[PDB]
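For reference, the structure is listed below as structure tokens.
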Amino acid sequence: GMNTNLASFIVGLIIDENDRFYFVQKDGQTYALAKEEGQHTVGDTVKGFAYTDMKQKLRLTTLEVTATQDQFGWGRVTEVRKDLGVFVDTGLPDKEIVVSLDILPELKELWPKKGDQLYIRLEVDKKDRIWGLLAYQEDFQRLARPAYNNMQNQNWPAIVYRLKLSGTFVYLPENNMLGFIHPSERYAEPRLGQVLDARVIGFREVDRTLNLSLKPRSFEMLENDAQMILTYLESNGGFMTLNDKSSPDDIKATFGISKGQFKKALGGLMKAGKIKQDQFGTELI
Ligand SMILES: [Cl-]
């Protein structure tokens with residue numbers, strides 16, 4: 001029947017080698033381990049992950065393995081075949097994993113495309129074929145940690161993992177956080193696995209997730225003095241001690257302009273939604 005060692009970690013005995021491979025025996029079958037992965041000696045045991053390659057050969061790898069039967073791993077979509085599903089590269093040598101069309105959206109416009117990213121685990125069927133199973137919301141919730149509430153107006157990459165009529169669920173891989181994009185904050189329907197450049201536009205307290213947009217920042221024309229102050233804030237950590245109550249001397253020493261000119265410039269930045277002020281100074285927002 002089926003080879004229950006496929007897509008699993010095994011300890012096998014190295015029984016032979018050639019210039020390219022160690023040949024590893026386990027339960028009457030021989031698995032080929034690429035020599036370039038590391039040195040071994042014939043007659044010793046070796047631990048690795050057993051699978052089959054695209055040439056139908058039994059393989060073992062000692063490299064780090066991400067997607068297994070028990071653990072999810074990221075894969076890059078390498079090929080779309082409409083009558084089959086999508087192929088994804090999770091880093092198994094000489095093996096890409098098929099995610100079946102039966103677990104992809106019905107609508108082809110929502111399928112992953114080449115270059116998209118999917119978070120999958122492995123399954124072996126009764127014919128010893130490996131397939132990829134998509135993570136669902138609960139898996140992303142287990143992976144991620146609660147978002148922080150100090151990220152407004154930052155941009156981050158965001159990977160689509162779940163599609164709904166109400167909006168798009170995304171994972172932020174640089175941050176290990178979850179977010180959401182309402183339809184009004186994007187253009188075309190995102191596809192499954194699409195990698196987006198998302199801007200933080202709010203914080204959702206109930207589940208500590210980020211509200212995100214794909215829309216451009218508001219166009220806001222700034223006069224020269226306001227632009228000078230904005231560039232200064234961007235270069236000085238988003239903060240300065242100066243505000244509309246500062247002394248003429250301190251304003252002149254830093255910016256070379258009158259207090260009236262400075263107040264007009266801060267007013268322009270306020271109206272443009274770029275700053276806020278309090279007793280401690282002016283903050284970029
Ligand atoms: Cl809330």
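Letters for chains follow the order of the structure tokens (A, B, ...), residue numbers begin at 1 for each chain, and ligand numbers begin at 1 in the order shown.
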
Hey, which residues sit close to ligand 1? Say within 6 Å, counting only C-alpha atoms and all ligand atoms, and write them as JSON, numbers by chain.
{"A": [204, 205, 206]}

Take the selection from the previous step and output its residues with C-alpha atoms, as a PDB file, in the first residue's frame.
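out26.pdb was written with the following content:
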ATOM      1  CA  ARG A 204      -8.938  47.284  15.368  1.00  0.00           C
ATOM      2  CA  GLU A 205      -9.016  46.803  19.149  1.00  0.00           C
ATOM      3  CA  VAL A 206     -11.404  43.845  19.333  1.00  0.00           C
TER       4      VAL A 206
END

Can you list, as a count of residues only, every protein, DNA or RNA residue that comes within 9 Å of region 57-69 of chain A when you count only C-alpha atoms, leaving out same-chain residues fewer than 4 positions away?
37

Within 10 Å of region 145-152 of chain A, counting only C-alpha atoms, which residues show up once you throw out same-chain ones fewer than 4 positions away? Write them as a PyMOL selection string, please.
chain A and resi 140-141+156+172+175-179+199-205+207-212+285

Please run DSSP on the backbone and report, as a ChimeraX atom specification, all residues within region 123-219 of chain A that come out as strand (DSSP E).
/A:123-124,130-134,155-164,167-172,177-181,195-204,209-213

Report the distance between CA of residue 194 (chain A) and CA of residue 95 (chain A) in Å, rounded to one decimal place.
22.3 Å

Which residue out of A:54, A:269, A:170, A:242 has the minimum interatomic distance to residue 223 (chain A) when only C-alpha atoms are used?
A:269
